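Residue numbers (the entry's author numbering), protein chains in the order written: chain A, 81 to 213; chain B, 1 to 290; chain C, 1 to 147; chain D, 246 to 294.
By construction, the Cβ of each residue, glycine as well, lies at the ideal position given by its N, Cα and C atoms.
Right, one structure below, let's go through it.
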Amino acid sequence: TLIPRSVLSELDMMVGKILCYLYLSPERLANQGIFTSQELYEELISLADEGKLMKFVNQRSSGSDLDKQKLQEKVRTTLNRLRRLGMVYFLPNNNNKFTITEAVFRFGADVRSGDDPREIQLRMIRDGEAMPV
Amino acid sequence: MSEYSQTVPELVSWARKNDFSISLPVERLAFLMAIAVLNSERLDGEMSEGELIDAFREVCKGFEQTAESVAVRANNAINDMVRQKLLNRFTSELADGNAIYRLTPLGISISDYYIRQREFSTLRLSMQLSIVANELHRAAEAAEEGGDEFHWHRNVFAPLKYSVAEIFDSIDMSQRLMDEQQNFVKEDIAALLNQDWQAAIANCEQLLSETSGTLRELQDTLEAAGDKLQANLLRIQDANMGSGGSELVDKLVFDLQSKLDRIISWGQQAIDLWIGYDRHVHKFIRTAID
Amino acid sequence: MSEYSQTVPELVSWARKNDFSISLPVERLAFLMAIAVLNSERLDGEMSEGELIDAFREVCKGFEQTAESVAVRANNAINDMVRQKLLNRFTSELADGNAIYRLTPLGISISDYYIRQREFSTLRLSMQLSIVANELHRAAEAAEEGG
Amino acid sequence: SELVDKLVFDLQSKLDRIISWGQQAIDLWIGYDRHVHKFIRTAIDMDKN
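Right, dumping it as structure tokens:
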């Protein structure tokens with residue numbers, strides 16, 4: 081390439097795959113696409129390993145509220161980066177609420193076909209879609 | 001089935017697999033004690049994260065430590081206490097993410113050992129012996145009245161297991177406290193003899209006589225009550241043997257008899273050890289005077 | 001008199017002055033629990049130094065540690081447990097120079113918390129409430145009788 | 246007797262704490278129970294294909 085290429089962080093992926101599940105969820109379709117940072121955070125902690133994920137915020141985290149607020153602020157920051165990428169749009173007057181777009185489906189590129197995960201991953205790296213860490 | 005179902009090798013393997021460890025340096029121990037005191041002054045037995053941080057700040061101030069990173073240090077200390085099983089943390093969605101803290105049975109037992117001024121009381125022992133004598137008498141009467149497995153489980157096994165066994169454990173703990181008090185008197189006698197031995201002879205003789213008198217009063221109280229307690233345990237054993245014989249009641253009565261024999265034997269052994277030390281101190285005083 | 005006669009600053013100053021500390025790594029904690037199990041199987045509630053060294057040898061085997069210097073390590077562990085107020089050491093001339101060891105209330109509380117399988121029992125609670133109700137009722141009758 | 250009054254007050258305070266703890270534990274357990282049931286229902290029933 082004549083133009084530089086870069087990769088997203090693993091926290092960005094966690095927020096990306098969660099935003100993807102949120103888009104699909106018919107249970108929340110009644111919101112008309114408007115979600116709150118707190119709802120996103122609540123869904124994320126419901127699915128992923130909370131205490132093990134906390135390791136990325138700080139190597140000494142053990143469930144303290146200061147560390148929980150630090151995690152929430154990192155989420156707030158990464159979500160803002162995804163907005164610049166065009167993956168989510170904030171409301172015109174309220175920044176605690178936002179709307180999703182279909183571009184988030186790229187986070188599901190590792191599972192859209194019901195096949196061997198290793199082979200899928202190999203195919204993706206071969207196509208230049210994704211890198212390991 | 002032995003209260004401790006695990007052999008020493010099974011227990012050591014279990015402890016190693018679970019990675020259990022306790023590391024409470026002076027600052028961490030002071031913080032645990034401050035938390036225990038703050039919890040005792042409250043109406044709900046619950047502490048918030050901010051209140052724990054304020055308590056840690058007071059400990060850091062008492063240790064004249066730098067006010068830098070105190071919030072981080074307090075979080076590390078709180079996480080360490082939770083990680084060492086001294087505090088239980090409750091994270092409720094209803095509490096908007098605010099965690100509620102309560103001390104564990106372990107954290108309370110360690111903090112109470114240092115903060116609770118436990119003195120051996122002949123009155124406490126006499127009361128505990130009076131309650132257990134009444135409980136054993138009621139269990140013996142119920143055992144002699146006879147009945148079904150439900151009568152024996154509710155009126156004989158439950159009182160022996162959940163009341164008599166706990167009071168015997170409390171008496172044993174009081175005896176262990178007396179063991180510590182004797183070691184404290186020994187340190188005081190060694191200190192009085194190291195400062196001014198000539199002026200300390202009268203004080204040492206008084207401490208030796210008073211400790212001997214207390215041990216004798218305790219042993220006399222235990223021997224006087226011990227026979228009545230052993231008679232009631234034998235009454236229950238005879239009644240159990242006559243009404244088929246629950247192996248669970250027999251094992252429990254045997255454990256209680258063994259604990260009672262240990263409680264009675266401890267008093268005689270403590271008196272013998274104290275007599276040996278008394279003779280040693282008098283020999284030392286005679287050698288120093290000569 | 002509040003069971004805890006000292007304010008937090010007084011307690012902190014008192015703790016700092018007496019230099020109280022507990023250091024129980026996984027091996028020392030396992031040694032304490034081993035001593036508690038061995039003591040509960042005995043008729044005299046007393047342990048000799050040789051029995052403590054043997055108990056420590058059994059723990060060292062469980063930690064897959066070398067049998068070299070086990071006696072020195074055992075003596076250091078025993079001295080450390082005595083220094084941390086987990087074991088009371090009695091040296092009687094009558095015991096032919098042999099030291100007797102007994103677990104302290106702290107050593108028993110710590111060992112029981114991990115080894116005693118304490119499960120909540122509704123029957124236990126109902127019994128405890130029955131005893132306290134009778135004790136409070138007698139105390140109330142005695143208070144009303146006056147004296 | 247100031248000693249008996251203080252002791253009775255302490256025991257009453259302990260009894261209130263013992264009674265209050267049970268209701269608080271039930272509320273915390275209910276919050277979790279509702280959350281797990283909601284999660285299971287969301288996981289099971291809302292994906293239909």
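Task: Rounded C-alpha distance that separates residue 175 of chain B from residue 129 of chain B - done: Straight-line Cα distance between these residues: approximately 13 Å.
- [ ] For residue 97 of chain B, return the contacting residues in chain D, with the cut-off set at a CB-CB distance below 8 Å.
- [x] Within chain D, no residue comes near residue 97 of chain B; the closest Cβ sits about 12 Å away, beyond 8 Å.
Task: Residues near residue 164 of chain B in its chain [Cβ-Cβ closer than 8 Å; skip 5 each side] - done: Taken in chain order, the residues that qualify are 132, 135, 136, 139 and 256.
Open item on the list: Could you check whether the Cβ of residue 107 of chain A sits closer than 8 Å to any Cβ belonging to chain D?
Closed with: Closer than 8 Å to some Cβ of chain D, the Cβ of residue 107 of chain A qualifies, so yes.
Task: residue 269 of chain B to residue 106 of chain C span [Cα, whole Å] - done: If you take the alpha carbons of residue 269 of chain B and residue 106 of chain C, they lie about 21 Å apart.
Open item on the list: Less than 7 Å between C-beta atoms, sequence neighbours within five positions excluded: which residues of the same chain meet that for residue 151 of chain A?
Closed with: The beta carbon of residue 151 of chain A sits closer than 7 Å to those of 134 and 137, all from its chain and outside the five residues before and after it, given in chain order.
Task: Ordered list of alpha helix (DSSP H) runs contained in the segment 19 to 45 of chain C, each at least 4 residues - done: Whole alpha helix (DSSP H) segments, 4+ residues: 26 to 40.
- [ ] Quick one: list the residues of chain C neighbouring residue 23 of chain B, beta-carbon separation under 7 Å, in chain order.
- [x] Here the neighbours are 23.
Open item on the list: For the segment 258 to 276 of chain D, list every residue whose C-beta sits within 8 Å of some C-beta in chain B, in sequence order.
Closed with: The segment 258 to 276 of chain D vs chain B, Cβ under 8 Å: 258, 261, 262, 265, 266, 269, 272, 273 and 276.
- [ ] Please classify residue 18 of chain B: is it buried, with 16 or more other beta-carbons within 10 angstroms of its beta-carbon, or exposed?
- [x] Under this definition residue 18 of chain B is an exposed residue.
- [ ] Report, in whole angstroms, the separation of the C-beta atoms of residue 37 of chain B and residue 115 of chain B, which I expect to be a contact under 8 Å.
- [x] Residue 115 of chain B and residue 37 of chain B do touch by the CB rule: their CB atoms are close to 7 Å apart, below 8 Å.
- [ ] Express the C-alpha separation of residue 104 of chain A and residue 293 of chain D in angstroms, rounding to a whole number.
- [x] Distance between the alpha carbons of residue 293 of chain D and residue 104 of chain A is about 12 Å.
Task: Straight-line gap, residue 198 of chain B to residue 212 of chain B (C-alpha atoms, nearest Å) - done: So the two alpha carbons sit approximately 22 Å from each other.
Task: Proximity winner among B:10, B:252, B:26 and B:231, relative to residue 111 of chain B (alpha-carbon distances) - done: Comparing Cα-Cα distances from residue 111 of chain B to each of B:10, B:252, B:26 and B:231, the minimum goes to B:26.
Open item on the list: Let me check one thing: in DSSP terms, what residues is residue 91 of chain B bridge-paired to?
Closed with: Under DSSP, residue 91 of chain B takes part in a beta bridge, and its partners are B:99.
TODO: Compute the beta-carbon to beta-carbon distance between residue 180 of chain B and residue 104 of chain C, rounded to the nearest angstrom, for a pair I have assumed lies under 8 Å.
DONE: Cβ-Cβ separation between residue 180 of chain B and residue 104 of chain C: approximately 6 Å, consistent with a contact (criterion under 8 Å).
Open item on the list: Going residue by residue through the segment 120 to 174 of chain B, where are the continuous alpha helix (DSSP H) segments of at least 4 residues, counting only ones entirely within it?
Closed with: If we require 4 residues or more, the alpha helix (DSSP H) runs fully inside the segment 120 to 174 of chain B come out as 122 to 145 and 149 to 152.
Task: Interface partners of residue 126 of chain A on chain D, CB under 7 Å - done: The answer, in chain order, is 284.
Task: residue 115 of chain A - DSSP class collapsed to helix/strand/coil - done: If DSSP states are grouped into helix, strand and coil, residue 115 of chain A belongs with the strands.
Open item on the list: Is there a Cβ of chain D sitting closer than 8 Å to that of residue 93 of chain B, yes or no?
Closed with: Closer than 8 Å to some Cβ of chain D, the Cβ of residue 93 of chain B qualifies, so yes.
Open item on the list: My assumption, with CB atoms under 8 Å, is that residue 91 of chain A sits in contact with residue 102 of chain A. Please give the rounded CB distance.
Closed with: So it is not a contact: roughly 16 Å between Cβ atoms.
Open item on the list: Please list, in chain order, the residues of the segment 59 to 77 of chain B that have any C-beta partner in chain A closer than 8 Å.
Closed with: Those residues of the segment 59 to 77 of chain B that come within reach of chain A (Cβ to Cβ, closer than 8 Å) are 71, 72, 75 and 76.
Task: Among A:156, A:184, A:200 and A:190, nearest to residue 116 of chain A - alpha-carbon criterion - done: Here the closest residue by C-alpha is A:156.
TODO: With a threshold of 7 Å, establish whether the CB of residue 250 of chain B neighbours any heavy atom of the ligand PLP.
DONE: You won't find the ligand PLP in this model; it holds no ligand whatsoever.
Task: Among A:139, A:153, A:170 and A:163, nearest to residue 79 of chain B - alpha-carbon criterion - done: Nearest of A:139, A:153, A:170 and A:163 to residue 79 of chain B, Cα basis: A:139.
TODO: Taking all protein chains shown into account, decide if residue 94 of chain C is buried (16 or more other Cβ within 10 angstroms of its Cβ) or exposed.
DONE: Taking all protein chains in view, the Cβ of residue 94 of chain C is surrounded by fewer than 16 other Cβ atoms within 10 Å, so the residue is classified as exposed.
Task: Span separating the alpha-carbon of residue 41 of chain B from that of residue 169 of chain A - done: Residue 41 of chain B and residue 169 of chain A have their C-alpha atoms spaced approximately 51 Å apart.
- [ ] Report the residue from C:71, C:85 and C:7 whose alpha carbon sits nearest the alpha carbon of residue 49 of chain C.
- [x] Cα-wise, what sits closest to residue 49 of chain C is C:71.
Open item on the list: What does the Cβ neighbour count give for residue 148 of chain A, buried or exposed, with the cut at 16 atoms within 10 Å?
Closed with: Residue 148 of chain A should be labelled buried.
Open item on the list: Counting only beta-carbon separations shorter than 8 Å, does residue 44 of chain B have a partner in chain D?
Closed with: Yes - at least one Cβ of chain D is within 8 Å of the one on residue 44 of chain B.
Open item on the list: I'd like the list of long-range same chain contacts for residue 146 of chain B, defined as Cβ closer than 6 Å, with 5 residues on each side in sequence excluded.
Closed with: Cβ neighbours of residue 146 of chain B beyond the five flanking positions: 243.
TODO: Could you name each continuous beta strand (DSSP E) segment of 3 residues or more that falls completely within the segment 105 to 159 of chain A, going from the start of the chain to the end?
DONE: Entirely contained in the segment 105 to 159 of chain A, the beta strand (DSSP E) runs reaching 3 residues are, in chain order, 114 to 116.
Open item on the list: Which residues in chain A have a C-beta closer than 7 Å to the C-beta of residue 83 of chain B? List them in chain order.
Closed with: Correct list: 142.
- [ ] With 8 Å as the threshold, decide whether the Cβ of residue 109 of chain C is near any Cβ in chain B.
- [x] So, interface residue.
- [ ] Give the range of the alpha helix (DSSP H) segment to which residue 7 of chain B is assigned.
- [x] Counted as a single uninterrupted DSSP element, the stretch harbouring residue 7 of chain B is not any alpha helix (DSSP H), since DSSP gives it neither H nor E.
Task: Simplified DSSP state of residue 180 of chain A, which is helix, strand or coil - done: Strand, per DSSP.
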